[PDB]
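Presented as structure tokens, the chain that follows is alone, the form deposited in one PDB entry.
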């Protein structure tokens, strides 16, 4: 249960947004924020991002820093440009296009806007464009802000540490743990460069036009300079090896950092997705996600 119309009106009013109530539309796809789309009495349309829990707004500090960087240096895609930003409300103008898919909590999966039964080649190609562009923003510009910046070995040690931490808290199935460790311990599989990543790339953030060309990305709380591989994970989860291959190919061809074992490395990172599920469980405190994490970790 989240905020209702009258509550949203009051939050918006406190922030000098005076909404036309009949235009208010709720979008509940986000685990961290309630989203509202609404037009104000000035005829101006808004996205209103309303935090669901105490842990949410503290994670937006880096987000704003990352958006400043991406809005300044990105040329071929849009990102939110926040107009209002307080501990109670973030607001910005809606990006062009529509999300390639959006989570429906009644089924626990996506309602797709693209033909999931035959994904357009332009979607992989253009996501490749967007990611290579993003990942090329100079790391020194991120270091001058409070963003996390990993060298390539720091990215590896960060993964080692995060795994150790989840094992200590939850346990980890022995076979899963051995798989993780064999990946960590295989020098040849790791990237030798890092870049600025989005960190939570998925269909629900990937804005597309009528041709399934990606034109924008929302939700930048996980941006940092680290292993670029994270931004390929959803393509593997949703579209399998073939979809991962298509995205890698496009990224490589347009100038993105590539190394010989990139695909295999990404697949291992996917096998380590339970680390991320566990971390969400701990950060959010949501009991169902603790259960999910234990299942995912094969405890």
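Shifts are known only where both forms have a C-alpha. Residue numbers count along the first chain shown, from 1. Throughout, rigid core stands for the largest set of C-alpha atoms superposing within 1.5 Å between the two forms.
Absent from the display: the form deposited in another entry. The rest refers to it.
- Per-residue Cα shift between the shown form and the other one after core alignment stays below 2 Å for all of 161, 86, 118, 185 except 86.
- Superposition on the rigid core between the shown form and the other one places the CA atom of residue 36 2 Å or more away from its counterpart.
- In a rigid-core overlay of the protein, residue 264 has its C-alpha displaced by under 2 Å between the shown form and the other one.
- For residue 245, the Cα coordinates differ by under 2 angstroms between the shown form and the other one after the core has been superposed.
- Figure legend: C-alpha atoms of residue 209 and residue 44, shown here, are separated by at least 3 angstroms less in that other deposited form.
- Annotation: residue 32/residue 128 CA-CA distance longer in that other deposited form than in the displayed model, change of at least 3 Å.
- Shifted stretches between the shown form and the other one, defined as 3+ consecutive common residues each with a CA displacement of 2 angstroms or more after rigid core fitting, are listed in sequence order as 2 to 36, 38 to 46, 48 to 61, 83 to 91, 141 to 144.
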